[PDB]
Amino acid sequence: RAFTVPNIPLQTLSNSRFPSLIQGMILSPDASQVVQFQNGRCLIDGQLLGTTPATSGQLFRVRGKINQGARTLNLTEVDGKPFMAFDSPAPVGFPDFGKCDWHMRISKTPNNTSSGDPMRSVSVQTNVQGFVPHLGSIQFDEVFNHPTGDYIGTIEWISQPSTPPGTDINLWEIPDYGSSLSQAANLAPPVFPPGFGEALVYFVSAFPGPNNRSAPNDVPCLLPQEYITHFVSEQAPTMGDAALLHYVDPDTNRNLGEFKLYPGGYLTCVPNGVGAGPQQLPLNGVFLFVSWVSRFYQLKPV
């Protein structure tokens, strides 16, 4: 099977850390930034990593059982199937937003009622002892004084982490999935700055909530979700050190820049000095696979 990427403009594609349109393409503000996102991780031959779902349907959802008067949500997969702990860091699609407090909205499922607002607000801190999704559970800030059941929902907005007090949201980081006695199994590995003039490319979307900068909370990810779905469906074997892509303006067929898509499921480019980079490019372009290339291929600067 010949390798391809989706023929859809970037601005129409989706973030792979939460369902939303991509709103920007950037380099990390810190050139030394290492990332270890658990969602939006897929080998370009269609092998999912970490907690990454094949599609957006499963992405950024939380499901579990909770008892009336408890603080603990005992996680399942999003479809209600048991979560097999000690295999994965968390259920498939579980949020990977580190260094923030989560303000979630959940409801008891399925509906078995003829009236009533089913929505419940709960808050989750990610650096506390009770945040142990790898062990199958997360702890809410307050006792859950609502009916026992199977609850499903998502993070509605985020805010600064409660501890250490005064620290800001940092969406470049992931939460601590493991416990004091056990580290999380099968975490998607870290992705390091490639060096040799190359820099990692991140796709960003804004997420609701405050921060210390009184600015949008921007969520970086490594791949559009549609790319992941495409790779899972296509299962095209990787035949080079990297896939060479052109970012093409579909209005003119003009090549706006060269990028490498590595087998590990991330993109790089070579910025043409400070001030240059993919953030200078329009967001209506389409990536096009050109050729497999070796490790000795030097990208033309963007």
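The first residue of the sequence shown is number 1, and the count goes up from there.
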Exercise. Looking at the entry, does 176 to 184 or 208 to 216 show the higher mean C-alpha B-factor?
Worked result: 176 to 184
For this session: Would you determine, from the values in the PDB entry, which of 277 to 285 and 13 to 21 has the greater average C-alpha temperature factor?
Result: 277 to 285
Exercise. Out of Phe97, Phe94, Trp157, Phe83, which residue has the highest Cα temperature factor in the PDB record?
Worked result: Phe83
For this session: Would you mind checking which of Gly197, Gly153, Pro224, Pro110 has the top Cα temperature factor in the PDB entry?
Result: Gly197
Problem set entry | CA B-factor ranking of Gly130, expressed as a third of its chain | middle
Exercise. Lowest, middle or highest third of the chain for the C-alpha temperature factor of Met104?
Worked result: lowest
Exercise. Compared with the other modelled residues in the chain, in which third is the CA B-factor of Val270?
Worked result: highest
Problem set entry | Ranked against its chain, the third holding the CA B-factor of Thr51 | lowest
For this session: Check where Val143 lands among this chain's C-alpha B-factors and tell me if it's the lowest, middle or highest third.
Result: highest
